[PDB]
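Since the structure comes first, as structure tokens, the remarks are kept for the end.
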Amino acid sequence: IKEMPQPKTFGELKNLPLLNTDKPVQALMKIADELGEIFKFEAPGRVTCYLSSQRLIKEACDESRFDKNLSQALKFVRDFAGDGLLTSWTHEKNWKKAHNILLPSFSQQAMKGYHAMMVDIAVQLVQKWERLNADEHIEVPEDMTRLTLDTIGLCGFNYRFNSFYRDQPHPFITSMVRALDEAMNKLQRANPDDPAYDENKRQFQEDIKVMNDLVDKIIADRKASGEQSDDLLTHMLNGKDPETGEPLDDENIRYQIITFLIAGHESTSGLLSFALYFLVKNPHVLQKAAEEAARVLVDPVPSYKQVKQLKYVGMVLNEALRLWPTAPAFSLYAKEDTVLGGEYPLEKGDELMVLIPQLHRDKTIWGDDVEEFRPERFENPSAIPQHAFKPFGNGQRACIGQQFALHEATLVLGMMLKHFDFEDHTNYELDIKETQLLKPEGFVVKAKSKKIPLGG
Ligand code: HEM
């Protein structure tokens, strides 16, 4: 039994002077490099335990001992995401109901039914870049976000945000993005009740009404027509929990739809953006991935089967998730008193945070050269030690979207590689902005079309 390592405390401020950054995850990674696989972190009225090694994370992933904790970020997002799957406690009846109903709609098989709609949006991005003039460039995370938002709207509830037809997004997207920003801003608000935030609160209420009005109207519209689509909304309307026999109610369906948008859009666009970053920074890797794309994508548009063939592309995506997992942490609490790693007692209710980018740099698992981009690390996924790679979280609370995110990213990145050569025309210096997610801010490229016809 051992005292938990902890960075220096500064009287009443505790450890907080060490995080005076807008990139706390990257600052926490530097604390972990100094203090090792576990450290306690304290701030006024807050205590948590950050884990970074696979040995201890293997323990924290034991679901009989630890469950998902709702961080404060997730609590503020629950004000519009409600008791959707992301923002609900594992014990809530609606979490378990929605999980059992939605799981089959997110399986690897279910991907065959979404493929045509994902291709629809992916063709639109390819055509946008084909139609650029010679002087222009691409804003990478901005277009990736247009793409992921549109794909989740189409596959999620057969709704077109039409993000490629716009400079300013659809009013729902504007509201959702501003609501997420406000939720994150509230994390660092000293005097939340101060008059200067009256306008913030009013706007937050307006943005939630915009989101709810839209989604409720689409739900009511669909129930009236009886139209059956290939979308998740049809599955929610027709699904019954195998355990209770009950369906989701209309209000819970609204929260799942908002949740899929929130949970899916930034995380998946970050992944595509970092993968393209790594590829333009490693032209030899980019060449091997484009060669696979040209070998495999032999039809004017990709089939479901062809996407499954893009093995190297899949490896590039995993190695981007290893270095910069776009949802960089998840939070747990001890379900009962327990001892972690034989050494550190925990009391029931104690919080742990898994620091996924630091887990992914555990040199005992990956070798000494953990900063290098090498997709070949993933050539044999069965050989990777259990719990070493956790970009989609853990257990029954893992990413329900993982097969959807991966199928979409593979498809898109494979089409990009087939149709364009890319140029890092500004010699872009990586700048990782943190919201609740990671992205390469300001990342721009030029693409030069290979002049290959689309379909079809
Ligand atoms: C590369 C893309 C993505 C990454 C890295 C990612 C990562 C994660 C992580 C780490 C969790 C666990 C959160 C926690 O424990 O607090 C999570 C949960 C979740 N994600 Fe994703 N995600 C991605 C894409 C998506 C997509 C495309 C969707 C939906 C279409 C989605 C929907 C969800 C949902 C609904 C949950 C809550 C699941 C549950 O608790 O039952 N995610 N994701």
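Descriptive notes on the structure:
- With respect to the conditions (1) assigned to a helix (DSSP H, G or I); (2) surrounded by fewer than 17 Cβ atoms within 10 Å (Cβ to Cβ), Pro247 falls short on a single one, namely (1).
- Sole residue being under 20 Å from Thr87 (Cβ atoms) and aromatic (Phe, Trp, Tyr), chosen from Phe161, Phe157: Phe157
- Filter pass, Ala383 being of a type in the set (A, V, I, L, M) and within 13 Å of the ligand (Cβ to nearest atom): no
- Filter pass, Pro440 being surrounded by fewer than 19 Cβ atoms within 10 Å (Cβ to Cβ) and either closer than 30 Å to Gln54 by Cα or within 12 Å of the chain's Cα centre (by Cα) (or both): no
- Flag for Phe164 being over 25 Å from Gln72 (Cβ atoms) and away from the ligand (no atom under 16 Å from the Cβ): yes
- Complete set of residues in segment 387-437 that are of a type outside the set (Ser, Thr, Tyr), more than 11 Å from the ligand (Cβ to nearest atom) and part of a loop (DSSP other than H, G, I, E, B): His387, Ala388, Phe389, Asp424, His425, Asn427, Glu429, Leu430, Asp431
- Test: residue in segment 258-275 that is of a type in the set (D, E, K, R) and farther than 21 Å from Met144 by Cα: no
- Strands (runs of 3 or more DSSP E) (entirely within segment 22-80) containing at least 3 residues that are within 23 Å of the chain's Cα centre (by Cα) and closer than 14 Å to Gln6 by Cβ: 46-51
- Annotation note: Cβ proximity below 6 Å between a residue of segment 73-97 that is near the ligand (Cβ under 9 Å from one of its atoms) and a residue that is small (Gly, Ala, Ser) (sequence gap 6+ or interchain) occurs for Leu85/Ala98; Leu86/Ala263; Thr87/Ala81; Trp95/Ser88.
- Any hit, segment 352-359, residues being on the phi < 0 side of the Ramachandran plot, among the β-branched types (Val, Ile, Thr) and within 16 Å of the ligand (Cβ to nearest atom): yes
- Within segment 280-309, tally of residues that are of a type in the set (A, V, I, L, M, F, W, C) and either within 16 Å of the ligand (Cβ to nearest atom) or under 23 Å from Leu149 (Cα atoms) (or both): 2
- From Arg146, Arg222, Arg202, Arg178, residue being within 22 Å of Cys399 (Cα to Cα), part of a helix (DSSP H, G or I) and basic (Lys, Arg): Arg146
- Contact map, segment 232-258: residues that are in contact (Cβ under 8 Å) with a residue 24 or more places away in the chain and of a type in the set (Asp, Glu) paired with residues that are outside any loop (DSSP other than H, G, I, E, B) and surrounded by 13 or more Cβ atoms within 10 Å (Cβ to Cβ), Cβ distance under 7 Å, separation 6+ or inter-chain. Pairs shown: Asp241/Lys97; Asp241/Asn100; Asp241/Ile101; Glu243/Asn100; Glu246/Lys97; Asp250/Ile219.
- The one condition from (1) out of contact with any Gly (no Cβ under 8 Å at 6 or more places or on another chain); (2) within 16 Å of the ligand (Cβ to nearest atom); (3) under 21 Å from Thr435 (Cα atoms); (4) not polar (S, T, N, Q) that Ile258 does not meet is (1).
Residues are listed down the side, and each one gets a yes or a no for (1) closer than 24 Å to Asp216 by Cα; (2) touching a helix residue (DSSP H, G or I) at 6+ places or on another chain (Cβ under 7 Å):
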{"position": "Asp120", "(1), (2)": "no, yes"}
{"position": "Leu125", "(1), (2)": "no, yes"}
{"position": "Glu130", "(1), (2)": "no, no"}
{"position": "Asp135", "(1), (2)": "no, no"}
{"position": "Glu142", "(1), (2)": "no, no"}
{"position": "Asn162", "(1), (2)": "yes, no"}
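- Counting the residues of segment 121-156 that are more than 16 Å from the ligand (Cβ to nearest atom), within 18 Å of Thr268 (Cα to Cα) and of a type outside the set (A, V, I, L, M) gives 4.
Readers should treat all values here as calculations from the given coordinates under stated rules, not as data from a laboratory. Heads up, the Cβs are rebuilt from the backbone with ideal geometry, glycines too, and the neighbour counts pull from every protein chain shown.
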